[PDB]
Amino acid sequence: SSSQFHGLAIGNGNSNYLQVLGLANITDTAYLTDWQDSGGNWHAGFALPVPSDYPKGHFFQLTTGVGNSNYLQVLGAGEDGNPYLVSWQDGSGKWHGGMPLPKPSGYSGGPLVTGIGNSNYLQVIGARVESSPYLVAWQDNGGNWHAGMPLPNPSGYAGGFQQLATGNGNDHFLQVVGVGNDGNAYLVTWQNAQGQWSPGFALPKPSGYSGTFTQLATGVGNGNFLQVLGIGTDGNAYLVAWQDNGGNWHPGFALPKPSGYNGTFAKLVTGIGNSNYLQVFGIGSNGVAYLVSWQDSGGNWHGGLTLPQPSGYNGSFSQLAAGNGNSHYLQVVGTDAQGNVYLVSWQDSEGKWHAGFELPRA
């Protein structure tokens, strides 16, 4: 067993129990690091069962997706250059070895991103775009996987993308946003309820900022309004743009920073907090794990705070990830400097944050 990780991914499994996935340091072996029960108790995991067609397989990136019958799917970028379903988890919590994804012609191995598409069909998309965007594969509601295809570039641009991210927009339509190789923020493409993909366009720039971005992340905001957050090349955190319930996009603005903090951010992730208030987390230029900002139910943004340090560790985290656990309490997990997985902090129904702890070793 390995106990130190990188490349965490987080999702909900059987009975919505939170599952923290990871790549072992040195070996890049896919693991369940830990999982949390309905009492909030954390349990050590174990190496995930790998595909019979990649039987000693290793991955340089992982991500999760909710599949058929809400079976948690763990997707991985093979170190053999192929995309995989590493493993899936059934409704009893048992994990099963996966399979290679039915990828399209012209797809070149890289990191994956998932989204929930039409009829809830899980979509697995290439998260970096060297030429045209690709849907690697999609999964029907009986669990069957289907061959991918190219996806549309946005209006006016075919320069490739550093990063694609996904979120659900108006009428549940999947939106795929990306940071171009030109540093601009795009809606790359969006998918309607019948599964058809349309070209996107440049997202409106945030208030007062004409510059470029290095990273995007999405979050479900007030009124179910999709929010696209970003890190500027300036080092600041932004709401780049948000989408209304009619599908139209509106400009964002620089996020309000935690009181007293004058540094930069990177490694931005979102979470759904108390009263479903959207939370935005990030890592400071001082190494500190922060709630950058949170958004109330009216859409108003509020400066964040230093996340209350977990017991016995006053160091920095190299990655943060978030999800909802027992009673819907928001959990922020991360990897310390060695790669030990911590609950950095958890948040109660009132919005108050509580110090976490180093989770049990896989």
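Throughout, we count residues from 1 along the sequence that is shown.
Participant: On mean Cα temperature factor in this entry, is 86-94 or 277-285 the higher one?
Facilitator: The entry gives the higher C-alpha B-factor average to 86-94.
Participant: Report the stretch with the higher mean CA temperature factor, choosing between 67-75 and 256-264 on the basis of the entry.
Facilitator: In the deposited entry, the stretch with the higher C-alpha B-factor mean is 256-264.
Participant: Checking the entry, which one of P310, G39, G57, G334 has the top C-alpha B factor?
Facilitator: Of the candidates given, the C-alpha B-factor peaks at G39.
Participant: For the listed residues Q295, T33, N326, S318, which one has the largest C-alpha B-factor as given in the deposited model?
Facilitator: That would be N326, according to the entry.
Participant: By the record's CA B-factor, is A362 among the lowest, middle or highest third of residues in the chain?
Facilitator: Highest third of the chain for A362's C-alpha B-factor.
Participant: Relative to the other modelled residues in the chain, which third contains the C-alpha temperature factor of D182: lowest, middle or highest?
Facilitator: It belongs to the middle third of the chain when residues are ordered by C-alpha B-factor.
Participant: When the modelled residues of the chain are sorted by Cα temperature factor, does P206 land in the lowest, middle or highest third?
Facilitator: Answer is lowest: the recorded C-alpha B-factor places it there.
Participant: State the tercile, meaning the lowest, middle or highest third, of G11 with respect to the CA B-factors recorded for its chain.
Facilitator: Highest third.
Participant: Lowest, middle or highest third of the chain for the C-alpha temperature factor of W145?
Facilitator: Tercile = highest for this residue's CA B-factor.
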